[PDB]
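Chain order of the listed sequences is P and B.
Mapping of the first sequence onto full-length UniProt numbering: residues 335 to 360, 364 to 509, 518 to 621, in sequence order.
Mapping of the second sequence onto full-length UniProt numbering: residues 55 to 65, in sequence order.
For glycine and all other residues, C-beta sits at the position ideal for the given N, C-alpha and C.
In what follows, a single structure is set out as structure tokens and then discussed.
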Amino acid sequence: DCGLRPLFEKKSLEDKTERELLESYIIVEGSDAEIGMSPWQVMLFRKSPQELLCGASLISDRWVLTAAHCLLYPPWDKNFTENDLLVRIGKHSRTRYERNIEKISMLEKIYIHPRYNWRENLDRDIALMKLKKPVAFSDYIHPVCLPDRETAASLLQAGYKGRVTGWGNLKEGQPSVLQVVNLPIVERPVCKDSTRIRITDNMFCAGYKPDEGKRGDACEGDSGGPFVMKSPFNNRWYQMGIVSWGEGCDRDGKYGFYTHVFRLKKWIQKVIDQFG
Amino acid sequence: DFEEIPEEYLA
Ligand SMILES: O=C1Cn2c(Cl)cnc(c2=O)N[C@@H](Cc2ccccc2)CNCCCNCCc2ccccc2CN1
């Protein structure tokens, strides 16, 4: 039942911008998300001091996916352990406690990709977090699907648009509610030529070109959040990427970079079946 | 400016 939203696909209602994504299959400068628009959205919350840590996504009733750098990044003295964080699921408002809507879960264990490259370019920027207890699904809490080879091959194409969501900074201040922006996947050569950072096959970049007019990008605080696409074949939402890195936010000629979820699915599956 | 969350989750 993954990728089918209770408030949209389940009742055959479409959100305001999913049509834009469909038409392409041939957070800075975003907008407020609709209620229940991203039911798999997860907020990584630091306990003390209480603050926004990162974004993340719900992939099952006990597993949450995020960016490895959200938990481990020596250059900025970041090395969080299970008890330093909490996961808040089903949220819309950034700062308020959404009583009777959001659910807060404690972390049982964190698993960071063994070959996550924090020293150089954040290659394989992915991590899994197992919750202590399963979270109850609801109209605002629902898992997103993970792509198989076919889905990745057909949707991960230059020009095809995905959707990024998060409570991160609005500019390179803070948003009142969850932000959303649809961005087109960019050709590999263009991504490469836009930066001096070495790009790997475990990454892809997205965003509009300077001559395209439209804008939008992820920013500080959005890390770990999902880059999703709605399959035109089975109408389910798939998480194709994880907000990973960028140079500035929404700069002309620059693009946000995302962890290529399918490329690392082997690892994801290995972790899940081995550890329950 | 984060609203305080119930104690059960912080314990
Ligand atoms: O901050 C991060 C992750 N992140 C980390 Cl841990 C370190 N350095 C970042 C970066 O982006 N950007 C710097 C270039 C760089 C990329 C990869 C490894 C080392 C240096 C260059 N300077 C730091 C920029 C920090 N704000 C980046 C905001 C932004 C924009 C688009 C997508 C995700 C994000 C947030 N993600």
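- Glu58 (chain B) belongs to the set of residues whose beta carbon lies under 8 Å from a beta carbon in chain P.
- Across the structure, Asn416 (chain P) and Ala551 (chain P) are spaced so that their CA atoms are roughly 28 Å apart.
- With a threshold of 8 Å between beta carbons, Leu483 (chain P) makes no contact with chain B.
- Boundaries of the alpha helix (DSSP H) around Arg486 (chain P): 486 to 492.
- Residues of the segment 377 to 401 of chain P with a C-beta atom less than 7 Å from some C-beta of chain B are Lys384, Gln387, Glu388, listed in chain order.
- Taking a beta-carbon distance threshold of 8 Å, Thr418 (chain P) does not count as an interface residue toward chain B.
- For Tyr434 (chain P), the chain B residues whose C-beta falls within less than 8 Å of its own C-beta are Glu57, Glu58, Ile59, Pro60, listed in chain order.
- If you ignore the 5 residues before and after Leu609 (chain P), its C-beta comes within less than 8 Å of the C-beta of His450, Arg461, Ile463, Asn547, all in its own chain and listed in chain order.
- With distances taken between CA atoms, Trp455 (chain P) lies nearest to P:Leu408 out of P:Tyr477, P:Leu408, P:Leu507, P:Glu343.
- Judged by DSSP secondary structure, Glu61 (chain B) falls within the alpha helix (DSSP H) whose first and last residues are 61 to 64.
- Ligand 1 has no heavy atom closer than 7 Å to the beta-carbon of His450 (chain P).
- Here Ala563 (chain P) is buried. Its C-beta has 16 or more other C-beta atoms within 10 Å.
- In the DSSP assignment, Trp582 (chain P) falls outside any alpha helix (DSSP H) and lies within the beta strand (DSSP E) extending over 582 to 590.
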